[PDB]
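Note sheet for the following structure.
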Ligand SMILES: OC[C@H]1O[C@@](CO)(O[C@H]2O[C@H](CO)[C@@H](O)[C@H](O)[C@H]2O)[C@@H](O)[C@@H]1O
Ligand SMILES: [Cl-]
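Residue numbers (the UniProt record's numbering): 21 to 424.
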């Protein structure tokens, strides 16, 4: 009842190219008040960054409901992902309005980047669904998963050298030295390891987790004790799925250290964030063992901050059976329902609209692009799948002045 795919469905478009190749697109932007399709004028109409996450949403919907229409969307979004595979084994990101591929723009080249990791994660997430339903598409997907992993393995830097920024160690072997990108590649590799275990996949998993863990703040005197930094000495909330990824990988490998590191973020940094109304980003300085805040930015706040935290807390509950994590997951979900600095409703169950962000205490961006819609839907979809969390969120919503 909370989850309403009507706006995401309106961003979806099936296009035919070449010889009966049917591609599922998700239009990237959509603007208040008419909420039609809006493009990026330079980059194109739809990106793997969004299509990949949409594929996961619709696959999870199909798993919950068995709806033939959800499955059809999974298949066509997967076709777009496969359509974007480059000869070198990486992926292009954008498609243009004329349905040619954006191969050369910096946000779209087939080089290791965010959209590679998201594409791979989407393919590993939807493969078990495809193998039960569509033999030919499943075979192509499996071939692509492990061919892409081959390429990533061939290019992988296992030499664990460290830089430094404001006293903080930098793992030079992570992609773009980015803990957030590393977490999604780690999630994808963990899924693939369950499909076909390979020593080189475990080796990459452990190397990524080592880099992610080196970037964690471990200073019990620091306000942001437990935080997984995103890049150098910087944390940003968006896409920061390190804790969730370490829980997934730690479970896959039986690695207690990974699990312990993830809980350290959940048990210290998450309650701090929640108590302070969330943040967009911050930077730190490290002097010896002491980690201190340099600067922080409360805005902008976007749906993509909430989803990684809700994913991690639900997973923590599943592992530990501690209800505090469900309570926190629900309290974080309330960001969509006016628990935020603008006291603004950010997701509308009646229409499926998800606002694009909070820019200050008094300014809300009422556009509803693909990313914010998918991230709100994935968050609420997870809550509604856990009966105790669903019951808790419904109880919180009956008491407040939201539109539903
Ligand atoms: O502008 C295109 C596209 O960008 C987004 C990203 O969230 O919004 C940006 O641009 C808006 C005006 O064009 C600004 O008001 C907003 O602050 C900025 O984030 C989408 O909302 C929009 O569709
Ligand atoms: Cl992601």
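Quick reminder that beta carbons are idealized off the backbone N, C-alpha and C, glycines included.
Please state whether the Cβ-Cβ distance between residue i and residue j is less than 8 Å.
i, j, result
"residue 44", "residue 99", "yes"
"residue 101", "residue 112", "no"
"residue 269", "residue 206", "yes"
"residue 258", "residue 324", "yes"
"residue 187", "residue 307", "yes"
"residue 216", "residue 254", "no"
"residue 304", "residue 350", "no"
"residue 446", "residue 319", "Here the chain covers residues 21 to 424 and nothing more, so residue 446 does not appear."
"residue 79", "residue 146", "yes"
"residue 354", "residue 409", "no"
"residue 317", "residue 299", "yes"
Per DSSP, which residues does residue i bridge with? Please list them.
i, result
"residue 367", "374"
"residue 32", "46"
"residue 297", "Partner(s): none; residue 297 has no beta bridge."
"residue 306", "311"
"residue 251", "198, 254"
"residue 182", "191"
"residue 64", "60"
"residue 37", "41"
"residue 316", "302"
"residue 385", "377"
"residue 76", "Per DSSP, none; premise fails for residue 76."
Between the options, which has its C-alpha nearest residue i's C-alpha?
i, options, result
"residue 264", "200, 298, 319, 215", "200"
"residue 425", "416, 141, 178", "In the structure displayed, the chain extends from 21 to 424; residue 425 sits before or after that span and is not available."
"residue 133", "405, 196, 241, 54", "196"
"residue 59", "89, 117, 82", "117"
"residue 129", "402, 407, 106, 149", "106"
"residue 157", "39, 92, 169, 410", "92"
"residue 162", "410, 209, 35, 126", "209"
"residue 402", "54, 147, 338, 127", "338"
"residue 143", "131, 291, 170, 95", "95"
"residue 24", "369, 407, 383, 405", "369"
"residue 149", "83, 40, 35, 383", "83"
"residue 171", "190, 131, 153, 138", "131"
"residue 136", "114, 154, 155", "114"
"residue 279", "291, 229, 185", "229"
"residue 190", "153, 219, 218, 252", "252"
"residue 139", "362, 418, 169, 87", "169"
"residue 340", "160, 271, 86", "271"
"residue 411", "383, 362, 343, 392", "343"
"residue 62", "127, 154, 362, 218", "127"
"residue 33", "414, 85, 66", "66"
"residue 275", "381, 225, 383", "225"
Within the same chain, show all residues whose beta-carbon is closer than 6 Å to that of residue i, passing over the 5 residues directly before and after it, in chain order.
i, result
"residue 336", "286, 345"
"residue 390", "31, 46, 48, 70"
"residue 284", "246"
"residue 288", "245, 246"
"residue 242", "311"
"residue 73", "394"
"residue 377", "320, 322, 385"
"residue 81", "90"
"residue 424", "369"
For residue i, which residues in the same chain have their Cβ closer than 7 Å to its Cβ, ignoring the five residues on either side in sequence?
i, result
"residue 281", "233, 236, 266"
"residue 37", "43, 119"
"residue 358", "364, 365, 420, 422"
"residue 309", "239"
"residue 185", "252, 253"
"residue 220", "173"
"residue 153", "91"
Roughly how far, in whole angstroms, is the beta-carbon of residue i from the beta-carbon of residue j, given that I think they are within contact range, below 8 Å?
i, j, result
"residue 399", "residue 26", "About 17 Å; that fails the 8 Å criterion."
"residue 314", "residue 352", "The pair is not a contact, with the Cβ atoms about 25 Å apart (cut-off 8 Å)."
"residue 104", "residue 68", "5 Å"
"residue 50", "residue 385", "Actually they are not in contact, since the Cβ atoms of residue 50 and residue 385 sit about 12 Å apart, beyond 8 Å."
"residue 97", "residue 394", "The pair is not a contact, with the Cβ atoms about 11 Å apart (cut-off 8 Å)."
In chain order, what residues of the same chain have a beta carbon less than 8 Å from the beta carbon of residue i, not counting five sequence neighbours either side?
i, result
"residue 261", "200, 203, 204, 207, 328, 331, 332"
"residue 356", "323, 326, 365, 366, 367, 374, 396, 399, 400"
"residue 167", "109"
"residue 227", "176, 178, 180, 193"
"residue 222", "213, 273"
"residue 249", "188, 199, 235, 236, 237, 255, 304"
"residue 56", "50"
"residue 334", "345, 346, 349, 402, 403, 406, 409"
"residue 123", "106, 112, 129, 130"
"residue 87", "81"
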